[PDB]
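Next up is one chain by itself, shown in C-alpha cells, the form deposited in one PDB entry.
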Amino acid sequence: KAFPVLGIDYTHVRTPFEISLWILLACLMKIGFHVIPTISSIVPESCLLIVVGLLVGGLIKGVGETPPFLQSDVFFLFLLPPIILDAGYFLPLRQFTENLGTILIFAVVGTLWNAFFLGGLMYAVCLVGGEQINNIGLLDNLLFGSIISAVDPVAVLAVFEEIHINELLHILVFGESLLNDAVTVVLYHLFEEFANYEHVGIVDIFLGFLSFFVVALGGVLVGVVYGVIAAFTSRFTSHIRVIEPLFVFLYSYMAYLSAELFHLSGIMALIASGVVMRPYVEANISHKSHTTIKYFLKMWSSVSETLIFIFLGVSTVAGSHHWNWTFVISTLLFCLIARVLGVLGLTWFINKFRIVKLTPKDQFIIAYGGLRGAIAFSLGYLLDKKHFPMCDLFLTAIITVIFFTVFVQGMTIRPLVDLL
C-alpha cells in the first residue's frame, strides 16, 4: 500500500457528512428564499422545507443508495424536544395566562374532537368502500385520526403582518400549535397501546381516558419541578456567564427525558419547564446569554424541522406508496370539514363566555389555515409494519394531507382572507 495514511474511506463519514450536506443545502436555499422580492410573505416556510426535502429526496433517488430513516427513537429523543422547546420557551405568559381558558379549550378539546371525528368518519367510510381498506378497524383508525390532527397553525403567521393578527389570535394559534403537538402525541401513544389487545371494554376505555389525563398532568408536574430547579440554579450562576444557556437546555432536556422515562407527556413536561423558568431567567442572566439562548433555540429548532422535512421528502419520493382514491379524498375532505366544524363550534361556545368575541376573521384563520407538518408525518412514519398493516396507506394519506394543507391551505390563505 503506497502512501500509508492516504485513503478514500467514505463509510467512516457518511451519516455526519450527508446530514451536514442536507442542512447546508436547506440553509443555502433558505437564504436564496428570502432574497426573492416577495415570497417570504406569500408562502410559509413550510413550503420551503417541503421543497428542500423534495430536492434531497430526488437526489437520493437518483443516486440509488439506501434511503435513511428515523429509528423511532432519534425522533422522540433528539428532534421533537428542540421544536417543542423553541415553541414553548418563547410563550408570552402575560397574554397566555390572560386567556388560558380559551387556548386550553381549543388545543385540548379541539384536538380531541378533530382526532375522534376523523377517526370515526374514516372508519365509517372504510366500512363502505372495501377490498383494499375493508379491514382497517376502529382503534387502528383513531390512531390515524390523531396523527393527522397534529396541526401546526402558527406556520401561517409568516404570511400575515401586524394587521389582521390581533393580540388574541397570535397567542391563540401559538397555544393551539404547542398544546396540540403535546395532545396528539399523547393520543398517539394511547391508541398505539390499545391497538395491541383485541379485548377492549368499558373499563379499558375509562382507564384510557384516565391515563390520558394522568400522562398530561404528570408531564406538567415534572415540568414544574425541573423548571423550579432550573430557576434556583440560574439564580446562582452570576460568576460563570457562559454555561447559563447550557443550564437552560440541560434542565429542559432532563425534564423531557424524566417525563419520557415514565411514559408521561414529555412535550408537556418540556413546555412546563420552559414556561416556569422563563420569568426566573432573564432576570438573573446576562443579556448576551439570553440572546444566545434565543439564537440557539431558533437554530436548533430550524435544524430539527429541516431534518424532519428532509425525511418527508425522502419518504414521498423514495418510499413505498399505497394510493387509495377513496381513503385519500375522504381524509382530505374530512380533515377540512372536521377542522372547520370544530373551530366554529368551539368559537360559538366560548364567545358566550368571553368579553372580547372571536371575530369571523380569526375563526377563518384558525379553521382554514391549520396546516400539518413535521409532526404528523413523523408520527405516522414511525408506525411499524408488524402492527398496523396499512401503515403504508397511512403514510400516503398523511403525506397527501401535508402537501395539500401546506401548498393549498397555506399558500391560498392570504388572498381568501381579503375576500372577506
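For every residue, the number given is its place in the sequence shown, counted from 1. Basically, rigid core = biggest C-alpha set you can superpose within 1.5 Å across the two forms.
This next part talks about the form deposited in another entry, which is not shown.
Participant: Align on the core first; then indicate which of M299, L104, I329, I337 has a CA shift of 2 angstroms or more between the shown form and the other one.
Facilitator: Comparing the C-alpha positions, the one residue that moves 2 Å or more is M299.
Participant: Tell me, please, whether between the shown form and the other one the C-alpha of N135 is shifted by 2 Å or more, with the rigid core used for superposition.
Facilitator: No, because once the rigid core is superposed, the C-alpha of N135 moves less than 2 Å between the shown form and the other one.
Participant: Classify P153 as shifted (yes) or not shifted (no) between the shown form and the other one, where shifted means its C-alpha moves by 2 Å or more with the rigid core superposed.
Facilitator: Shift of 2 Å or more: yes.
Participant: Superpose the two forms on their rigid core, then report whether the C-alpha of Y251 is displaced by 2 angstroms or more between the shown form and the other one.
Facilitator: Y251: C-alpha displaced by less than 2 Å between the shown form and the other one.
Participant: Which is it in that other deposited form for the CA atoms of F160 and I398, closer or farther than here, knowing they shift by 3 Å or more?
Facilitator: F160 and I398 sit closer together in that other deposited form.
Participant: Against the shown form, C-alpha atoms of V43 and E176 in that other deposited form: closer or farther, for a change of 3 Å or more?
Facilitator: Farther apart, which means the C-alphas of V43 and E176 are at least 3 Å more distant in that other deposited form.
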